[PDB]
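Only one chain comes next, encoded as structure tokens, the form deposited in one PDB entry.
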């Protein structure tokens, strides 16, 4: 069962465990790079790094996918855009009015899958 729990007091300023995303891409996403840590192969070309500012989160994302992740694009609450990166195969799915919390997945020579954890508004 997916949940969250807060521990501790009311002070300080909020932070997120997710800080940056880049991809390698060609016809597919060869790799996703999350907070600098590479997952996937060495093919394609490396994208610039998107670093989240304070309080900035993915609010909308379009992923093309089939057996792999073909393409990713996203927009943040601050109206900044990443991508599209990758190719034109697969089929498209969109998340809208969300707050992405975490990205897990699976990868070999390419990025096979993404598990997006998010809050749906």
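Shifts are known only where both forms have a C-alpha. Numbering follows the first chain given and starts at 1. We call the rigid core whatever largest set of C-alpha positions still superposes within 1.5 Å between the two forms.
Report task. Take the C-alpha B-factors listed in the entry for 100 to 108 and for 11 to 19, compute each mean, and give the stretch with the larger one. Result -> It is 11 to 19 that shows the higher mean C-alpha B-factor.
Requested in this report: Comparing against every modelled residue in the chain, figure out the third that the C-alpha B-factor of residue 65 lands in (lowest, middle or highest).
Outcome: CA B-factor rank for residue 65: middle third.
Query - CA B-factor ranking of residue 42, expressed as a third of its chain - result: As the PDB entry reports it, the C-alpha B-factor of residue 42 lands in the highest third of its chain.
**Report entry** Third assignment of residue 35 from its chain's C-alpha B-factors
**Finding:** Residue 35: CA B-factor falls in the highest third of its chain.
Requested in this report: Using the B-factor values recorded in the entry, state whether the Cα atom of residue 87 falls in the lowest, middle or highest third among the modelled residues of its chain.
Outcome: Its C-alpha B-factor belongs to the middle third of this chain's values.
Query raised in the report: residue 93's Cα B-factor: lowest, middle or highest third of the chain?
Result: For residue 93, the deposited C-alpha B-factor lands in the highest third.
The form deposited in another entry exists for this protein as well; it is not shown, and the discussion that follows is about that form.
Query raised in the report: If we fit on the core, is the Cα of residue 16 displaced 2 Å or more between this form and the one not shown?
Result: After core superposition, the displacement of the residue 16 C-alpha between this form and the one not shown reaches the 2 Å mark, so yes.
Query raised in the report: Between residue 34 and residue 17, does the Cα distance in the other entry come out closer or farther than in this form, changing by 3 Å or more?
Result: Compared with this form, residue 34 and residue 17 lie closer in the other entry.
Report task. Based on a C-alpha change of 3 angstroms or more, tell me if residue 16 and residue 34 lie closer or farther in the other entry than in the shown form. Result -> Their C-alpha distance shrinks by at least 3 Å in the other entry.
Query raised in the report: Which segments, of 3 or more consecutive residues, undergo C-alpha shifts of no less than 2 angstroms between this form and the one not shown following superposition on the core?
Result: Shifted run of three or more residues, which all move 2 Å or more: only 1 to 17.
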